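Asks: Experimental coordinates follow, after the sequence.
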Amino acid sequence: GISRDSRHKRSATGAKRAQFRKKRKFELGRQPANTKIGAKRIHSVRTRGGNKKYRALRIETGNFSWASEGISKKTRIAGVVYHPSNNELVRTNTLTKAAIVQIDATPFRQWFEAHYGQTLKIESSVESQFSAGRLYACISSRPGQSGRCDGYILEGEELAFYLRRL
Amino acid sequence: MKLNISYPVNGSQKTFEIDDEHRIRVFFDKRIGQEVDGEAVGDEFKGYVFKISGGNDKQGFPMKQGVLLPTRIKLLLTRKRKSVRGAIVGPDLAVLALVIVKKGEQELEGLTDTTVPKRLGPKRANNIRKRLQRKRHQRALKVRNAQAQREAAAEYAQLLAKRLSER
Amino acid sequence: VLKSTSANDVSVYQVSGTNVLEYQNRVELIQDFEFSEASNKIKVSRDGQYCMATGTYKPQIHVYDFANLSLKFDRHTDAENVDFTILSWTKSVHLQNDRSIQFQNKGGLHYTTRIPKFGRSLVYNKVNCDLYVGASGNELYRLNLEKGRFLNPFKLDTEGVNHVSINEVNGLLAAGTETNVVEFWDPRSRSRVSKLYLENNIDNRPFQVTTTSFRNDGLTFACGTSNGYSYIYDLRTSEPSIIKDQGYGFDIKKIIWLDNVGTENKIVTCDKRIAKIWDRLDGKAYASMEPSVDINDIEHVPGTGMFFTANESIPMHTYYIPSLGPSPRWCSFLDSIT
Amino acid sequence: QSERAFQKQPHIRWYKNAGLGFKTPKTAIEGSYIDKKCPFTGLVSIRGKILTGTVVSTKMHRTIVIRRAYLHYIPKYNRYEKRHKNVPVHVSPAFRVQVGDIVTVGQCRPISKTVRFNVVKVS
Amino acid sequence: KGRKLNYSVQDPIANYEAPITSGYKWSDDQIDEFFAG
Amino acid sequence: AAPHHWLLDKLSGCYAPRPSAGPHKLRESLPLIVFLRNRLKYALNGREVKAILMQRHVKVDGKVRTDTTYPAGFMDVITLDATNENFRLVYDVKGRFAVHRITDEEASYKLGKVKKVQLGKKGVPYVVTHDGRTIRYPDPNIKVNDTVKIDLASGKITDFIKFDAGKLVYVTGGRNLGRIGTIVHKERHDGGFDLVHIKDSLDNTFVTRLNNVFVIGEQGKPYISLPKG
RNA sequence: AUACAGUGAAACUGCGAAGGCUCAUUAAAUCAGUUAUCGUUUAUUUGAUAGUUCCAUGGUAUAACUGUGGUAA
RNA sequence: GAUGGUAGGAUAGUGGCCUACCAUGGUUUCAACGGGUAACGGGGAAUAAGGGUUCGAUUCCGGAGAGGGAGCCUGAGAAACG
């Protein structure tokens, strides 16, 4: 990154003759670490005293949350199909916040068969993924700042809310 | 060339100015760690084996163990550009360091037949082999700290309970 | 003596592997060869030294002098890179993951320009000096280094292109698209000449061609895919091909020839985990180079038998083959240690 | 009321109150509008000072351009040249503000490059 | 489409490199009798 | 290089003593060197005021706090052991620090304006003041700008003065800084010039802010003693 | 004072320097006050603030130091 | 990026601060935007002096620089006079 200041750009009035200043330390834009899938490597960068910041690049073990009961359990990552904060970001298959990524939902199968007995009330277009294995789930946590991959599962309303999109 | 030689377990080390470089040519194009014989560096020390351990060349520049390229190169060490000779030994070493790991056929009145002792015995208890009143006071101050703080906290939480009952 | 992996009656060696008494018999070739936990892309310059390796987090440029066996600098560039070339020595052009293009010099960062859409590949033309940059969509752009203009961008098909390359002895512009068509343009006419279609016999899903290459005879063309299937092509009966399924087959990214050293008619293929090497006119594997981690891409040093990968680990692996050729003049005791 | 991706929703239908003498309309307490930066449900909290004036333009959505003429006791040429001010402001689900419409706004948490004020009243 | 495709002329790259006369070692007649078909 | 509040004569020096960090701010406090040395003159220079600080005569807020630039702000009761000196220092009517002398039963406490009440962590009600005495558990009816009375042996609130219409208020801030009389008017606006207004000898009127004013007692009965002329 | 015991060159340590010249001409954007940060960082100052235990004390590896040396340095 | 909206990146965090997508906005005769110096002078920036009435106390002219641009590192604080 470069900057965080209004001095390089124009305001709501249209001004000119900028030529302002050598940029300070507190306009610090670090490089955009597009977090991907790999082996888990988090860079421990420093800022503002001992404010360590976890910059995750190759995180896997996503803690994704069963919605209707709120069961955040551990799984892997496959790939993001739709994220128009950059439509090339899904072409390159990175992993950022608020992305809709696919999960092999085998521990969710284990929890359902463990606290319900039988195997398969829950919606049908996610029951198809209960059968097959890959369910859609959206990342909540920030791997570029907190270094973690947490998320929430897609269950019904939010599922169709994304499936009608793409 | 000069050959520094070290017999480590006896604690002996001495340099020997060996001219007549076809004696020297046994070491040529052999990098650090690879062993050698006494047979092609000398005749009076046969059955000898020396693990080489670097050496400053003329212009004094050291070699660090195992890079490549027996000329001089400019690396980054403890980070700034320092000049360092390559690990492989060639014709232009001033001194070359050697560790003798087996005595062969002749006694040496510098290395074998003369030796130095060590420095001094150990100081730590476990190094000599191979408090409890503080343990009283630590535990007593810890249980007293618990019996002060964890009781006083509830002792003003009950005053909060009195304010909540009166409110 | 460095250990060698098992192969088909042939030997390879790695230097700077994930495993590479050992501390006191270290076999380190290039000092400070390690990045910040991954690697983007490595390539060796046209002259006998000065290899360049792009960065991973706070991405750098990392020029290594081969006649000094260490690092020269690391210009921390502004964004994360995907593709670049080297233009002799000191000049080089890069493009990042965003649609921006950097021009590094001896002083570094001579300019930062942009392309209107997100780009994926860049090549330079030695003749009349226009870099062709392949991007997403209908758009294959030019930035001519003569007069700094823009040129009338090449009209493609729908989705775009994964790789562009021009032929060396005659200039035949390749562009590996998504819909199996290879879209050969002419660097003279600025028009299409052919729209060759790629076929198979398995047809899992509609693969996209990701790697294009030529060599210095100017008659054949090496083609890739998004499935782990190498292809050869000639003008002589240009509709079929010879194909090479690979035993894992995710996405082949680097297919490069051996057209300037001995032991001829041989080619290196490289997908995400493995990089193999086989012979022309039969399609039988000469050797393979299985590392302990995935591969971001590779490169092969000219004149001799050594390879440099960019991977997803902390160091980069170099692979020496004492049957393909010797070790070069700056590595001229690798044949003495192993 | 969902023309964009990425789970358009309140961020924890939801309802709160900034207090301090400004009402929350019943659709803004329990209605289908999201209230991302409208301070009644919102994510922002109120502070600072509250300014009042009529408008000039409400052309783009989530842009309320207030005018604010005010008295100032000029001592230089001993006559009052009349004031005019401008401030962009995000929408609220309480009034489609047209030309005229003296309304007031409270200072909070810079939303765009130049807006710190969000509508809390219409009269 | 503001910063998208500025068809301007830029200062440092206007003489960043220099062309070559013969260029391709083939002939253009060799191009024509190379891919007539 | 000085402020106005210290009552500092100009024929003193060149470098003015910056107070160190502490309970109060820089702009609303006087350090001990400008207190003892050149206001009530128990010293002649910095060396001997450091000497008596090492001797530890000062007992501000019941603790010793041996420091030269310790920022004694509003009504920190400076206590000196020899000749039982008990000093409550308040504001006069023209902006300075009038240091009134008090007695032991009055210096056994102080009062403090409450700034905010918090549900901070683990269900604990919470109160801060201008010296920052985070004391546990007041009643739920502690609004902003009320007045707690600190214990000064332990830290507990002993008495409480509610801020409402008809209370004796002290103004420290703005162009009303240091006035007493607290009743002509009440006017709470919605973000500025909001206050209770203060009389004069002819019962004149005044405007200030909420945070720049804080209560000290009732209409005729403050349990603080005040100086006179 | 036969495991330490005072002077103390040279080495580790705690800190010191805790704020100094010249050159091209910015119109409340340089500056001064003020509102706010439940929109934020904070060493030092000050007030507060910790409850998971199956069949008498834990490991080599480096200095300083000795010893052999290289180099004009 | 002109003006705003949605999301992400980076942040110490607010923020078109940067990028994807979308809308064609926004300031102005109630002075936009632009023109220069006794802008080595001015603005309280401040002390005022018991008769000097724009001399007469000071903070700051603008930002930079440690040979020249570039990249990196340290720290509660830095794009370090070391």
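Replies: Sure, I can see it. Numbers count the residues shown, from 1 in each chain, chains lettered A, B, ... in the order given.

Asks: Can you tell me the centre-most residue of chain F?
Replies: Centroid-nearest residue in chain F, with CA atoms, centre = their mean: residue F:74, separated by 1.8 Å.

Asks: Kindly apply the preceding question to chain B instead.
Replies: Centroid-nearest residue in chain B, with CA atoms, centre = their mean: residue B:53, separated by 12.3 Å.

Asks: Pretty sure that residue sits against residue B:99.
Replies: Yes - counting by CB atoms under 8 Å, residue B:53 touches residue B:99, with 5.6 Å between them. C-betas here are computed from N, CA, C, even on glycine.

Asks: and for the two, which residues touch both?
Replies: Common contacts of residue B:53 and residue B:99 (CB atoms under 8 Å, 6 or more residues apart in numbering or on different chains): residue B:6.

Asks: Run a quick neighbour tally on the nearest residue to residue C:86 once chain neighbours are set aside.
Replies: In this structure, residue C:86 finds its nearest non-sequential neighbour in residue C:92, 4.8 Å apart by CB to CB, 6 or more residues apart in numbering or on different chains. Residue C:92 sits with 22 neighbouring residues when counted by other CB atoms under 10 Å in any protein chain shown.

Asks: My reading is that residue A:107 lies in a helix. Confirm?
Replies: Yes - counting by DSSP: H, G, I helix; E, B strand; the rest coil, residue A:107 is located in a helix.

Asks: Next one: it from residue A:76, what distance?
Replies: Distance, residue A:107 to residue A:76, using CB to CB, to the nearest Å: 10 Å.

Asks: ditto for residue C:105
Replies: To residue A:76, residue C:105 is 44 Å away according to CB to CB.

Asks: and stretch A:108-118, which residues are buried?
Replies: Buried residues in stretch A:108-118, counted by 16 or more other CB atoms under 10 Å in any protein chain shown: A:108, A:112.

Asks: Centre of the chain to the longest helix along chain B, how far?
Replies: Longest helix in chain B by number of residues (criterion: DSSP state H): helix B:132-166. Computed by CA atoms, centre = their mean, to the nearest Å, the chain-centroid distance of helix B:132-166 equals 52 Å.

Asks: Stretch F:205-215 too?
Replies: 15 Å.

Asks: and it, anywhere near RNA strand G?
Replies: Yes - contact of stretch F:205-215 with RNA strand G (CB under 7 Å from any atom of the strand) involves F:209, F:211.

Asks: Likewise for stretch F:4-12?
Replies: No - applying CB under 7 Å from any atom of the strand, one finds stretch F:4-12 separated from RNA strand G by no less than 12.8 Å.

Asks: quick one: buried residues of that stretch?
Replies: For stretch F:4-12, a neighbour-count test (16+ other CB under 10 Å) marks F:5-8 as buried.

Asks: Extract the CA atoms of it and return them as PDB.
Replies: Extracted in PDB, the C-alpha atoms of stretch F:4-12 (Å, rounded to 0.1, in the frame of the first residue of the first chain):
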ATOM      1  CA  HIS F   4      -2.400  32.500  34.500                       C
ATOM      2  CA  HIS F   5      -3.600  30.200  37.300                       C
ATOM      3  CA  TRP F   6      -0.400  29.800  39.200                       C
ATOM      4  CA  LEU F   7      -0.100  33.400  40.500                       C
ATOM      5  CA  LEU F   8       3.500  33.400  39.300                       C
ATOM      6  CA  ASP F   9       5.600  36.600  39.500                       C
ATOM      7  CA  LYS F  10       7.400  37.500  36.300                       C
ATOM      8  CA  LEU F  11      10.700  38.300  37.900                       C
ATOM      9  CA  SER F  12      11.400  34.600  38.600                       C
END
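
Asks: any residues touching it, and which ones?
Replies: Contacts of stretch F:4-12 (CB under 8 Å, 6+ apart): F:2, F:16, F:28, F:30, F:34, F:38-39, F:91, F:95-97.

Asks: one more time with 10 Å, if that's ok
Replies: Residues outside stretch F:4-12 that contact it (CB atoms under 10 Å, 6 or more residues apart in numbering or on different chains): F:1-2, F:16-17, F:27-31, F:34-35, F:37-39, F:91-92, F:94-99, F:172, F:177-178.

Asks: Then stretch A:103-116?
Replies: Outside stretch A:103-116, the residues that touch it by CB under 10 Å, 6+ apart are A:62, A:64, A:66, A:69, A:71, A:73-78, A:118-120, A:122, A:126, A:129-137, A:151, A:153-154.
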